[PDB]
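Structure record follows, encoded as structure tokens.
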Amino acid sequence: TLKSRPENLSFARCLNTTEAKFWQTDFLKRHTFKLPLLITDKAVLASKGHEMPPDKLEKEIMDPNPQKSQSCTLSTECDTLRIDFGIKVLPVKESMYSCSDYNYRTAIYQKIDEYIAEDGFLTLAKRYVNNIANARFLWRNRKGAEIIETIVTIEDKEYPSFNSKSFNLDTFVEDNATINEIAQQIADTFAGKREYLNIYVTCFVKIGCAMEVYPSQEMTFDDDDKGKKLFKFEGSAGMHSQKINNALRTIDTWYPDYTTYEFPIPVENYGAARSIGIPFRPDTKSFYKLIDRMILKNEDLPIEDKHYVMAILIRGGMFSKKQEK
Amino acid sequence: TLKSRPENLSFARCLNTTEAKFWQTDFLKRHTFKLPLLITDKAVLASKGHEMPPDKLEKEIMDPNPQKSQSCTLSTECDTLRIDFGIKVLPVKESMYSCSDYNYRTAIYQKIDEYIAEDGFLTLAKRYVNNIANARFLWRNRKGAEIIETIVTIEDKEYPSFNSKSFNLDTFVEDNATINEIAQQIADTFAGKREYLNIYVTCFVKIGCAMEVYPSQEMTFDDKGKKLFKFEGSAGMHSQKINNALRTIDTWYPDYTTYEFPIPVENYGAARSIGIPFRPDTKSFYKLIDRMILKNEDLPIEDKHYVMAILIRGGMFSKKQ
Amino acid sequence: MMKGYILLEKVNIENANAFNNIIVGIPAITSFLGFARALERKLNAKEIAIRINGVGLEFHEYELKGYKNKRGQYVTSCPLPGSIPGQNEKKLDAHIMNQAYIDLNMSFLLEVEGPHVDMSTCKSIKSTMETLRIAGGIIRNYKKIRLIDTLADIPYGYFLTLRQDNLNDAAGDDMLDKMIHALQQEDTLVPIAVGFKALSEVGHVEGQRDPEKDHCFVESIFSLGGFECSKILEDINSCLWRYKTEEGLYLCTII
Amino acid sequence: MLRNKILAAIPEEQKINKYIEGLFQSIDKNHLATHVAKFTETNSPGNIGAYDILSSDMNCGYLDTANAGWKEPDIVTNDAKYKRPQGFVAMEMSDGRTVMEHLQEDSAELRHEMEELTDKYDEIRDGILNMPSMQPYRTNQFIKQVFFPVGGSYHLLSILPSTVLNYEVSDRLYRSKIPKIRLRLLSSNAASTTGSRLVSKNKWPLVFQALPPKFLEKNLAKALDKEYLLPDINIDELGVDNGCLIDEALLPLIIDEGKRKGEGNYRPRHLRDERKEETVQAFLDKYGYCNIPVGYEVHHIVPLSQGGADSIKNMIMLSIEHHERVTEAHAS
DNA sequence: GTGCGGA
DNA sequence: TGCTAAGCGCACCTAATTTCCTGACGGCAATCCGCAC
């Protein structure tokens, strides 16, 4: 009989993503031609329009406010944006880097094998390939585009392309042949029948000629300068890997109140999405209580809770007992 | 049931404007001929004519003053300035970047739907197309011009031209057919019946041969001279300066009958030109948005025009606790 | 029963750890030697007997995550923190600790000793390197895995070597003053971390990662290093890092 | 004085009782240390650390905490609540000296000042002069644990950071010209959570910079040299029968495409993609022939020497008489 | 679910 | 498809002085704390 989670248990990511690099193109010559995209320096003159106490308002309502910033825009002769990144898929059971107790290892390996037996990592993989098909990794670069085109290459086989403006960001499709064929290979990589899979993703966004591209913004703490700082990857603009992965993990539609709020949330340990300030899974349908009901008090759970637990184990983290002194 | 504004509220722009690039042409051959315009480096010798205390003035009144500068002029064979920029129009209900409470989102969406139910974003859009029609984005390049012509292109249709020296800068026209035709599409883009709209604007300014052109100047922060804006090697203008000249549409401030001129749309109504704040206590954005959403009161239509104009401009509107 | 050299050529590592409590820069040498040991341990579970006994570290390009100010100094950047286990795990904003990350392109020279060292070993290393990390960073791509014989089959780059003589023969009154003076005299040297030193005795405590091994509390030790090109080098053996263990000291040295 | 001070740090008499009463209930919860654990993650349960008072070597090859010249020890608690002693032994007195130096000699300068403000200076001084040492007793998930090979087996090692060494690198680098980096990530409230005096005083430390030399730093120039160009014409539907240029007037098109793309991009050899035979094999497949139709040659429409991809797209098969034309024009 | 305690 | 083999490419001397290098206003709001009660 096992009574508490082990003193040291850790997991690693099974979906590893690389940083993205941005380019500019032309749409009718998008398979032959590419130019670099660079970040520029912009300084502005503003007015004080923040909410101030009434004493300070009488003294500071009409005062100048210079600030420093940075910007990124396309040229006057190019109308498209090209984004290239890559994903590495690794097996789940070989991603346990630490486990102090041996019986917990045996029990969790038995539970993952029973999950391979029934729904062998196919539904979750279908949702992850969908979140590549609708292009949610474009966050503010998806607003105001005429054509969005996404191409997925596995090994040396280029798959047929996607029109990413024909998918809704609230429904998951389970009847497209290309999505099913990628999802089967990702399921086989997750289940142990393969050992590694490398995916390459290229996206083309047509926004207009001299329009604004929105790169990722860095979190830096300096006291002399306080301005907007954007990501520069090898001299050119880019997006972080964490941004692209949050977009990919937005697959959760099994939280306790989904009939009121009807959007999918990211997969987290307490359902803490950064958009809404109240957690969605705070006590009874959290990860710790469901894994203490699955393993420690042997009991069959509904399939949605198993989907959530396995998605947390694909995400990774430090899952251990409350540390005592 | 709603007390306070949420702790993280922000909006995004619904009128994204590109930067401007400047060219030089001739007026009779302006449809087949354009040349680049560049910024030159100047240095000038001066006299000490700033105001000084009486002791220093006796010692530094006949001293030379070398200074550095920059300038931009047209050539000897060209007489016309050409400025090109673009505008992207996005919907208003899908421009909400952050909100930490779902009920405030539902309330804001209901008030915007009531706004589309009374006036389908048409008055504001007519004012925005009017500020394209009178060429208010030419700030100092509009003084001393013979002919100003502005052409508006949407998709592959070039709309008929505008004479920008027949529109007054203190009145808004509502009877011009071309303005109405563009404004209806901008209003339908604001409503949500279309997903985007891209407008490209070209303007020709006849000023004469070898006369001066005034670009935008860059801000310096430490301890300086005059630096001018360069966009892809040529002279140009900032997007913020054009966008400020497209938001001078507010004629609903409390003391409009004394000063009869439009001001740009801001939160406390601060006019940098005429040195008076015009919306300081009760008709600011904060009190009106706390009297519209948090107490369910039916405001007059002018205050609704101001609130939707601020929500097309954008900003950070967050409360501490 | 045989000895050779295998070269892992031009590997891209993204987001590797770059903080060792007094140093922000190149990762510690123990991470690279542990990458070599992890490759050895994964190859020996596929029933392929091999033993890596020395690794040479060659550098081609680097990029520190951050920016350079107008005064010429670096300002580091860190990712936004997420949920961290503890007493404040259900909150929306988490704490910000001390961290730094670096991006590297490097090449590795491995001295292998086994019963067979052909190109099937190279194929196995190619099949076993897409499931490992270097420091805490991911491998995006490599160029080619091949056997080498002499110094002229090595690509161009700059190797890292130990310079403990330039630290023991300098200034005085403490070791840190010798470090600062030796860094002020010759400007092409860097401080590196080279292993660990004990702070307790060996035993068993509660809370270990593996509860069946020996345990000791340690502190990191630091030394000096330098860069030499690949076309001014004498021998292969003068750029190979190896393990050495005294009683109370866990080090990495060039003999 | 230690007078006004103990008031600034909050009637005007119940006060001086609150500070001194709050002090004695906490002088048994402050310990001495050279290495602390919550400097890595401030969520480590307990008071785990170490006091290394050993002997220097001075000629060993390595820097440690015992070979440097740390001058001031550190005092550490577990919870900020209990942290008055570190402020108390930090208030400077009249002679520009620290409560610490006066409590080791007992100059009456203090002897006098305390006894009017309290009734228990005797008990307080004994608890700041014989302080217990920090002991390493257990490990947790927040302390970094790694393996190290020792002689056919492995040892598990838990790393504890040094607080006294961090304070002395920052002081000795504020007056120096070797490269350095300042880290500004720790806040004031989180520094107090660590529990140490030397981290709440230096929360933004100065550290060494150890980078490779500066000609090996990434930029846009050393990133456009690892990419290769492809032509803007697809031969598959373009004047060409099965790969061979039938029209002599379409030669100038090849000349102008090669002139346009890869014009001012010279690349030395080390920076050129190899010329694998598989691509001229793969080009022929599409059109058969099993063999080069002699009298014709594969020409990369964009020279693999002025920047071009070794790809099926960047080749077109033209006659030798045509080939002598093109190799001279692009050379010129 | 609170309030403490420093630099 | 071939287009040369050999040698060498100065000794002197210098590179200016004066006067000065602007006055204004301002440089964001939010958050990033364990622990004992």
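Ordering of the structure tokens sets the chain letters (A, B, ...); residue numbers start at 1 within each chain; ligands are numbered from 1 in the order shown.
Residues of chain C having any atom within 10 Å of chain F, counting only C-alpha atoms (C1' of nucleotides), are residues 80, 81, 86, 87, 88, 92, 93, 94, 95, 96 and 97 of chain C.
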Selected residues, N, CA and C atoms, written as a PDB file, in the first residue's frame, please.
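Output file again-v3.pdb follows:
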```pdb
ATOM      1  N   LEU C  80       9.218  34.628 -18.189  1.00  0.00           N
ATOM      2  CA  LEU C  80       8.212  34.953 -17.189  1.00  0.00           C
ATOM      3  C   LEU C  80       7.918  33.722 -16.343  1.00  0.00           C
ATOM      4  N   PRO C  81       8.009  33.813 -15.012  1.00  0.00           N
ATOM      5  CA  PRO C  81       7.800  32.636 -14.161  1.00  0.00           C
ATOM      6  C   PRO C  81       6.374  32.109 -14.206  1.00  0.00           C
ATOM      7  N   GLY C  86       4.897  25.151  -3.614  1.00  0.00           N
ATOM      8  CA  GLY C  86       5.174  25.822  -2.353  1.00  0.00           C
ATOM      9  C   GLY C  86       3.882  26.222  -1.661  1.00  0.00           C
ATOM     10  N   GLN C  87       3.960  27.327  -0.925  1.00  0.00           N
ATOM     11  CA  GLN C  87       2.824  27.836  -0.174  1.00  0.00           C
ATOM     12  C   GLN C  87       1.998  28.839  -0.966  1.00  0.00           C
ATOM     13  N   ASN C  88       2.508  29.309  -2.102  1.00  0.00           N
ATOM     14  CA  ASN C  88       1.838  30.310  -2.927  1.00  0.00           C
ATOM     15  C   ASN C  88       1.722  29.793  -4.361  1.00  0.00           C
ATOM     16  N   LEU C  92      -1.441  34.039  -9.002  1.00  0.00           N
ATOM     17  CA  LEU C  92      -1.332  34.353 -10.421  1.00  0.00           C
ATOM     18  C   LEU C  92       0.040  34.868 -10.824  1.00  0.00           C
ATOM     19  N   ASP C  93       0.761  35.516  -9.916  1.00  0.00           N
ATOM     20  CA  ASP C  93       2.102  36.017 -10.181  1.00  0.00           C
ATOM     21  C   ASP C  93       3.086  35.337  -9.244  1.00  0.00           C
ATOM     22  N   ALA C  94       4.168  34.825  -9.819  1.00  0.00           N
ATOM     23  CA  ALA C  94       5.148  34.104  -9.045  1.00  0.00           C
ATOM     24  C   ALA C  94       6.427  34.865  -8.823  1.00  0.00           C
ATOM     25  N   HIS C  95       7.366  34.265  -8.121  1.00  0.00           N
ATOM     26  CA  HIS C  95       8.583  34.964  -7.781  1.00  0.00           C
ATOM     27  C   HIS C  95       9.669  34.934  -8.822  1.00  0.00           C
ATOM     28  N   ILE C  96      10.553  35.920  -8.783  1.00  0.00           N
ATOM     29  CA  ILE C  96      11.633  36.009  -9.746  1.00  0.00           C
ATOM     30  C   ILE C  96      12.978  35.816  -9.080  1.00  0.00           C
ATOM     31  N   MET C  97      13.617  34.686  -9.334  1.00  0.00           N
ATOM     32  CA  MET C  97      14.923  34.366  -8.778  1.00  0.00           C
ATOM     33  C   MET C  97      16.028  34.755  -9.758  1.00  0.00           C
TER      34      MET C  97
END
```
Residues near residue 21 of chain A, cut-off 12 Å, only C-alpha atoms (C1' of nucleotides), skip fewer than 4 positions along chain, as a PDB file with N, CA, C and O atoms, in the first residue's frame:
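What ended up in result_11.pdb:
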```
ATOM      1  N   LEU A  35      13.700  37.784 -47.652  1.00  0.00           N
ATOM      2  CA  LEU A  35      14.512  38.892 -47.162  1.00  0.00           C
ATOM      3  C   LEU A  35      14.501  38.952 -45.634  1.00  0.00           C
ATOM      4  O   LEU A  35      13.536  38.521 -44.996  1.00  0.00           O
ATOM      5  N   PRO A  36      15.555  39.484 -45.012  1.00  0.00           N
ATOM      6  CA  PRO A  36      15.558  39.602 -43.546  1.00  0.00           C
ATOM      7  C   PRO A  36      14.673  40.735 -43.041  1.00  0.00           C
ATOM      8  O   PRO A  36      14.455  41.735 -43.726  1.00  0.00           O
ATOM      9  N   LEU A  37      14.153  40.552 -41.827  1.00  0.00           N
ATOM     10  CA  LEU A  37      13.329  41.536 -41.135  1.00  0.00           C
ATOM     11  C   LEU A  37      14.040  41.996 -39.868  1.00  0.00           C
ATOM     12  O   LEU A  37      14.500  41.166 -39.078  1.00  0.00           O
ATOM     13  N   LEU A  38      14.117  43.310 -39.669  1.00  0.00           N
ATOM     14  CA  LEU A  38      14.902  43.889 -38.588  1.00  0.00           C
ATOM     15  C   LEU A  38      14.042  44.780 -37.703  1.00  0.00           C
ATOM     16  O   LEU A  38      12.972  45.246 -38.099  1.00  0.00           O
ATOM     17  N   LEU A  81       4.639  37.796 -44.347  1.00  0.00           N
ATOM     18  CA  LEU A  81       5.493  37.439 -43.224  1.00  0.00           C
ATOM     19  C   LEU A  81       5.675  35.927 -43.178  1.00  0.00           C
ATOM     20  O   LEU A  81       4.704  35.175 -43.293  1.00  0.00           O
ATOM     21  N   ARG A  82       6.918  35.481 -43.008  1.00  0.00           N
ATOM     22  CA  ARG A  82       7.257  34.064 -43.001  1.00  0.00           C
ATOM     23  C   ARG A  82       7.846  33.677 -41.649  1.00  0.00           C
ATOM     24  O   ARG A  82       8.788  34.320 -41.171  1.00  0.00           O
ATOM     25  N   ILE A  83       7.289  32.630 -41.037  1.00  0.00           N
ATOM     26  CA  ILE A  83       7.666  32.181 -39.697  1.00  0.00           C
ATOM     27  C   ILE A  83       8.065  30.712 -39.775  1.00  0.00           C
ATOM     28  O   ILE A  83       7.270  29.875 -40.215  1.00  0.00           O
ATOM     29  N   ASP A  84       9.273  30.404 -39.324  1.00  0.00           N
ATOM     30  CA  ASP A  84       9.769  29.039 -39.321  1.00  0.00           C
ATOM     31  C   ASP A  84      10.265  28.556 -37.960  1.00  0.00           C
ATOM     32  O   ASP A  84      11.158  29.163 -37.399  1.00  0.00           O
ATOM     33  N   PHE A  85       9.702  27.483 -37.422  1.00  0.00           N
ATOM     34  CA  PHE A  85      10.154  26.898 -36.162  1.00  0.00           C
ATOM     35  C   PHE A  85      10.110  25.376 -36.286  1.00  0.00           C
ATOM     36  O   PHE A  85       9.750  24.832 -37.333  1.00  0.00           O
ATOM     37  N   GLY A  86      10.486  24.686 -35.217  1.00  0.00           N
ATOM     38  CA  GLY A  86      10.551  23.234 -35.237  1.00  0.00           C
ATOM     39  C   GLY A  86      10.214  22.631 -33.891  1.00  0.00           C
ATOM     40  O   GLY A  86      10.464  23.224 -32.840  1.00  0.00           O
ATOM     41  N   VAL A 201       7.729  23.358 -39.260  1.00  0.00           N
ATOM     42  CA  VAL A 201       6.512  24.115 -39.546  1.00  0.00           C
ATOM     43  C   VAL A 201       6.892  25.451 -40.178  1.00  0.00           C
ATOM     44  O   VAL A 201       7.733  26.178 -39.639  1.00  0.00           O
ATOM     45  N   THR A 202       6.272  25.771 -41.317  1.00  0.00           N
ATOM     46  CA  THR A 202       6.456  27.043 -42.008  1.00  0.00           C
ATOM     47  C   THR A 202       5.093  27.689 -42.241  1.00  0.00           C
ATOM     48  O   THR A 202       4.153  27.022 -42.675  1.00  0.00           O
ATOM     49  N   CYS A 203       4.983  28.990 -41.949  1.00  0.00           N
ATOM     50  CA  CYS A 203       3.722  29.715 -42.050  1.00  0.00           C
ATOM     51  C   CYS A 203       3.894  30.984 -42.873  1.00  0.00           C
ATOM     52  O   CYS A 203       4.907  31.675 -42.754  1.00  0.00           O
ATOM     53  N   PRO A 215       6.650  41.253 -32.753  1.00  0.00           N
ATOM     54  CA  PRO A 215       7.518  40.216 -32.182  1.00  0.00           C
ATOM     55  C   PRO A 215       7.273  39.985 -30.700  1.00  0.00           C
ATOM     56  O   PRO A 215       6.383  40.596 -30.101  1.00  0.00           O
ATOM     57  N   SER A 216       8.070  39.116 -30.094  1.00  0.00           N
ATOM     58  CA  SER A 216       7.977  38.865 -28.668  1.00  0.00           C
ATOM     59  C   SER A 216       8.779  39.909 -27.902  1.00  0.00           C
ATOM     60  O   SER A 216       9.814  40.392 -28.370  1.00  0.00           O
ATOM     61  N   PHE A 231      12.551  40.989 -29.011  1.00  0.00           N
ATOM     62  CA  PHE A 231      13.465  39.866 -29.173  1.00  0.00           C
ATOM     63  C   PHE A 231      14.233  39.976 -30.486  1.00  0.00           C
ATOM     64  O   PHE A 231      13.640  40.157 -31.553  1.00  0.00           O
ATOM     65  N   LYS A 232      15.555  39.838 -30.404  1.00  0.00           N
ATOM     66  CA  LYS A 232      16.430  39.775 -31.570  1.00  0.00           C
ATOM     67  C   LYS A 232      17.132  38.423 -31.560  1.00  0.00           C
ATOM     68  O   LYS A 232      17.938  38.143 -30.666  1.00  0.00           O
ATOM     69  N   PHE A 233      16.824  37.592 -32.547  1.00  0.00           N
ATOM     70  CA  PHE A 233      17.403  36.259 -32.683  1.00  0.00           C
ATOM     71  C   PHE A 233      18.331  36.287 -33.889  1.00  0.00           C
ATOM     72  O   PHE A 233      17.863  36.342 -35.031  1.00  0.00           O
ATOM     73  N   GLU A 234      19.643  36.249 -33.612  1.00  0.00           N
ATOM     74  CA  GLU A 234      20.715  36.204 -34.615  1.00  0.00           C
ATOM     75  C   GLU A 234      20.657  37.397 -35.570  1.00  0.00           C
ATOM     76  O   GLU A 234      20.894  37.269 -36.772  1.00  0.00           O
ATOM     77  N   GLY A 235      20.343  38.570 -35.023  1.00  0.00           N
ATOM     78  CA  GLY A 235      20.273  39.789 -35.790  1.00  0.00           C
ATOM     79  C   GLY A 235      18.898  40.149 -36.311  1.00  0.00           C
ATOM     80  O   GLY A 235      18.678  41.307 -36.678  1.00  0.00           O
ATOM     81  N   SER A 236      17.967  39.204 -36.348  1.00  0.00           N
ATOM     82  CA  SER A 236      16.630  39.428 -36.882  1.00  0.00           C
ATOM     83  C   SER A 236      15.587  39.204 -35.791  1.00  0.00           C
ATOM     84  O   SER A 236      15.893  38.739 -34.693  1.00  0.00           O
ATOM     85  N   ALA A 237      14.338  39.526 -36.115  1.00  0.00           N
ATOM     86  CA  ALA A 237      13.244  39.442 -35.159  1.00  0.00           C
ATOM     87  C   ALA A 237      12.782  38.000 -34.988  1.00  0.00           C
ATOM     88  O   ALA A 237      13.015  37.141 -35.841  1.00  0.00           O
ATOM     89  N   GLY A 238      12.114  37.737 -33.870  1.00  0.00           N
ATOM     90  CA  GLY A 238      11.694  36.379 -33.588  1.00  0.00           C
ATOM     91  C   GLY A 238      10.723  36.298 -32.431  1.00  0.00           C
ATOM     92  O   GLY A 238      10.349  37.305 -31.825  1.00  0.00           O
ATOM     93  N   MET A 239      10.269  35.084 -32.125  1.00  0.00           N
ATOM     94  CA  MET A 239       9.359  34.817 -31.043  1.00  0.00           C
ATOM     95  C   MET A 239       9.931  33.753 -30.151  1.00  0.00           C
ATOM     96  O   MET A 239      10.648  32.903 -30.622  1.00  0.00           O
ATOM     97  N   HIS A 240       9.634  33.774 -28.865  1.00  0.00           N
ATOM     98  CA  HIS A 240      10.138  32.825 -27.886  1.00  0.00           C
ATOM     99  C   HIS A 240       9.485  31.459 -28.064  1.00  0.00           C
ATOM    100  O   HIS A 240       8.415  31.322 -28.662  1.00  0.00           O
ATOM    101  N   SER A 241      10.155  30.435 -27.533  1.00  0.00           N
ATOM    102  CA  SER A 241       9.623  29.079 -27.599  1.00  0.00           C
ATOM    103  C   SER A 241       8.453  28.891 -26.642  1.00  0.00           C
ATOM    104  O   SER A 241       7.546  28.094 -26.913  1.00  0.00           O
TER     105      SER A 241
ATOM    106  N   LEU D 220      23.856  39.308 -38.141  1.00  0.00           N
ATOM    107  CA  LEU D 220      23.128  39.042 -39.378  1.00  0.00           C
ATOM    108  C   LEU D 220      24.055  38.627 -40.514  1.00  0.00           C
ATOM    109  O   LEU D 220      23.645  37.865 -41.396  1.00  0.00           O
ATOM    110  N   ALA D 223      24.865  34.997 -40.461  1.00  0.00           N
ATOM    111  CA  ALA D 223      23.651  34.204 -40.593  1.00  0.00           C
ATOM    112  C   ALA D 223      23.100  34.185 -42.004  1.00  0.00           C
ATOM    113  O   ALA D 223      22.296  33.301 -42.320  1.00  0.00           O
TER     114      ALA D 223
END
```
| said: I need the residues in segment 232-264 of chain A that are alpha helix (DSSP H) according to DSSP; give them as a list in words. | reply: residues 241, 242, 243, 244, 245, 246, 247 and 248 of chain A
Would you kindly report the residues of chain C within 7 Å of chain A, using only C-alpha atoms, as an mmCIF file with N, CA, C and O atoms, in the first residue's frame?
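Below is the file part_26.cif, written as the result:
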```cif
data_model
loop_
_atom_site.group_PDB
_atom_site.id
_atom_site.type_symbol
_atom_site.label_atom_id
_atom_site.label_comp_id
_atom_site.auth_asym_id
_atom_site.auth_seq_id
_atom_site.Cartn_x
_atom_site.Cartn_y
_atom_site.Cartn_z
ATOM 1 N N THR C 76 20.815 41.061 -18.736
ATOM 2 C CA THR C 76 20.288 39.735 -19.012
ATOM 3 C C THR C 76 18.762 39.741 -19.035
ATOM 4 O O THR C 76 18.105 40.636 -18.499
ATOM 5 N N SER C 77 18.201 38.724 -19.685
ATOM 6 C CA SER C 77 16.761 38.529 -19.767
ATOM 7 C C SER C 77 16.390 37.141 -19.260
ATOM 8 O O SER C 77 17.156 36.185 -19.406
ATOM 9 N N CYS C 78 15.207 37.041 -18.660
ATOM 10 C CA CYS C 78 14.705 35.782 -18.134
ATOM 11 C C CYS C 78 13.256 35.585 -18.555
ATOM 12 O O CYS C 78 12.531 36.563 -18.762
ATOM 13 N N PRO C 79 12.813 34.337 -18.712
ATOM 14 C CA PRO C 79 11.401 34.097 -19.029
ATOM 15 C C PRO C 79 10.487 34.428 -17.864
ATOM 16 O O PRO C 79 10.914 34.526 -16.710
ATOM 17 N N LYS C 90 -1.140 28.643 -5.845
ATOM 18 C CA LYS C 90 -2.415 28.977 -6.460
ATOM 19 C C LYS C 90 -2.532 30.452 -6.820
ATOM 20 O O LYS C 90 -3.613 30.896 -7.218
ATOM 21 N N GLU C 130 19.517 12.343 -30.090
ATOM 22 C CA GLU C 130 18.284 13.099 -30.265
ATOM 23 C C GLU C 130 17.334 12.879 -29.096
ATOM 24 O O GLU C 130 16.130 13.124 -29.216
ATOM 25 N N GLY C 207 15.649 12.917 2.106
ATOM 26 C CA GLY C 207 15.222 13.826 1.060
ATOM 27 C C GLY C 207 16.018 13.742 -0.226
ATOM 28 O O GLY C 207 15.963 14.655 -1.053
ATOM 29 N N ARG C 209 17.494 12.444 -3.966
ATOM 30 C CA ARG C 209 16.911 12.063 -5.248
ATOM 31 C C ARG C 209 16.890 10.548 -5.415
ATOM 32 O O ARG C 209 15.887 9.977 -5.860
ATOM 33 N N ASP C 210 17.969 9.861 -5.052
ATOM 34 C CA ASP C 210 18.008 8.399 -5.041
ATOM 35 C C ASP C 210 18.360 8.032 -3.638
ATOM 36 O O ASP C 210 19.387 8.457 -3.147
ATOM 37 N N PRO C 211 17.541 7.260 -2.963
ATOM 38 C CA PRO C 211 17.763 6.984 -1.537
ATOM 39 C C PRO C 211 18.692 5.812 -1.265
ATOM 40 O O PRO C 211 18.745 5.314 -0.136
#
```
| request: Please identify every residue of chain A that has at least one atom no more than 10 Å from any atom of chain B, counting only C-alpha atoms, and report them as a PyMOL selection string. | output: chain A and resi 42-51+54+57-58+61-64+66-68+73-76+140+143-146+207-212+261+273-278
| message | Using only C-alpha atoms (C1' of nucleotides), which protein or nucleic acid residues come within 10 Å of segment 35-46 of chain B? Drop anything in the same chain fewer than 2 positions from it, and give the result as a VMD selection string. | response | (chain B and resid 21 to 26 33 48 to 49 63 to 75 78 81 to 82 213 215 226 to 230 233 to 236) or (chain F and resid 20 to 22)
| Skipping near chain neighbours, those fewer than 4 positions away, what residues fall within 10 Å of residue 304 of chain B using only C-alpha atoms (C1' of nucleotides), listed as a PyMOL selection string? | chain B and resi 111-112+115+288-289+292+298-300+308-310
Take the residues that were just selected and, keeping N, CA, C and O atoms, output them as a compact mmCIF listing (two decimals), in the first residue's frame.
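Saved file selection10.txt follows:
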```
# COMPACT_ATOMS: atom_id res chain seq x y z
N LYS B 111 -23.01 46.94 -24.36
CA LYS B 111 -23.07 48.36 -24.68
C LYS B 111 -22.56 48.67 -26.09
O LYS B 111 -23.11 49.57 -26.76
N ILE B 112 -21.55 47.95 -26.58
CA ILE B 112 -21.12 48.15 -27.96
C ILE B 112 -22.19 47.66 -28.94
O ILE B 112 -22.44 48.32 -29.97
N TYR B 115 -24.70 50.32 -29.14
CA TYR B 115 -24.18 51.38 -29.99
C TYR B 115 -24.34 51.07 -31.47
O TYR B 115 -24.74 51.95 -32.24
N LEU B 288 -16.97 58.73 -17.01
CA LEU B 288 -18.02 58.32 -17.93
C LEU B 288 -18.09 56.81 -18.10
O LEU B 288 -19.18 56.25 -18.21
N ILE B 289 -16.94 56.12 -18.08
CA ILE B 289 -16.99 54.67 -18.22
C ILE B 289 -17.38 54.03 -16.89
O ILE B 289 -17.92 52.92 -16.87
N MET B 292 -21.23 54.51 -17.04
CA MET B 292 -21.90 53.75 -18.09
C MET B 292 -22.03 52.27 -17.77
O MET B 292 -23.06 51.67 -18.07
N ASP B 298 -28.20 55.80 -18.81
CA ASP B 298 -28.28 56.12 -20.23
C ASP B 298 -27.74 57.53 -20.43
O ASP B 298 -28.39 58.51 -20.06
N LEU B 299 -26.55 57.63 -21.01
CA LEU B 299 -25.88 58.88 -21.28
C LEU B 299 -26.42 59.50 -22.56
O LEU B 299 -27.04 58.82 -23.38
N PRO B 300 -26.22 60.81 -22.76
CA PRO B 300 -26.49 61.39 -24.08
C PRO B 300 -25.52 60.89 -25.14
O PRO B 300 -24.47 60.32 -24.83
N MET B 308 -16.72 55.77 -27.43
CA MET B 308 -16.31 54.90 -28.54
C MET B 308 -15.10 55.45 -29.28
O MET B 308 -14.31 54.65 -29.79
N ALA B 309 -14.90 56.77 -29.32
CA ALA B 309 -13.67 57.30 -29.92
C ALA B 309 -12.43 56.92 -29.11
O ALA B 309 -11.39 56.59 -29.70
N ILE B 310 -12.54 56.94 -27.78
CA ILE B 310 -11.42 56.51 -26.95
C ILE B 310 -11.18 55.01 -27.11
O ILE B 310 -10.03 54.56 -27.22
```
| What residues in chain E have any atom no more than 8 Å from chain D when counting only C-alpha atoms (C1' of nucleotides), and can you write them as a PyMOL selection string? | chain E and resi 4-7
| request: Using atom CA of residue 245 of chain B and atom CA of residue 123 of chain B as the two end points, give the distance in Å to one decimal. | output: 17.3 Å
| said: Please report the interatomic distance between atom CA of residue 265 of chain B and atom CA of residue 120 of chain B in Å with one decimal. | reply: 19.7 Å
| request: Give the residues of chain D that lie within 6 Å of chain A; count only C-alpha atoms, and format the answer as an MDAnalysis selection string. | output: chainID D and resid 45:46 184 218:220 230 232
| task | Do a neighbour search on segment 156-167 of chain D at 6 Å with only C-alpha atoms (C1' of nucleotides), toss out local chain neighbours closer than 2 positions, and write the hits as a ChimeraX atom specification. | result | /C:214-219 /D:34-35,37,144-147,169-170
| Contacts of residue 297 of chain A at 9 Å or less, counting only C-alpha atoms (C1' of nucleotides), minus same-chain residues fewer than 4 places along, as an MDAnalysis selection string? | chainID A and resid 1:3 292:293
Next, write the just-selected residues to a file, as a short mmCIF file (atom, residue, chain, number, x, y, z; two decimals), in the first residue's frame, keeping C-alpha atoms as the atom set.
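Contents of the output file result-v8.cif:
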```cif
data_model
loop_
_atom_site.label_atom_id
_atom_site.label_comp_id
_atom_site.auth_asym_id
_atom_site.auth_seq_id
_atom_site.Cartn_x
_atom_site.Cartn_y
_atom_site.Cartn_z
CA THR A 1 0.00 0.00 0.00
CA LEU A 2 1.30 3.41 -0.98
CA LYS A 3 0.34 6.46 1.12
CA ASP A 292 -3.93 10.80 -5.62
CA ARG A 293 -7.25 9.19 -6.56
#
```
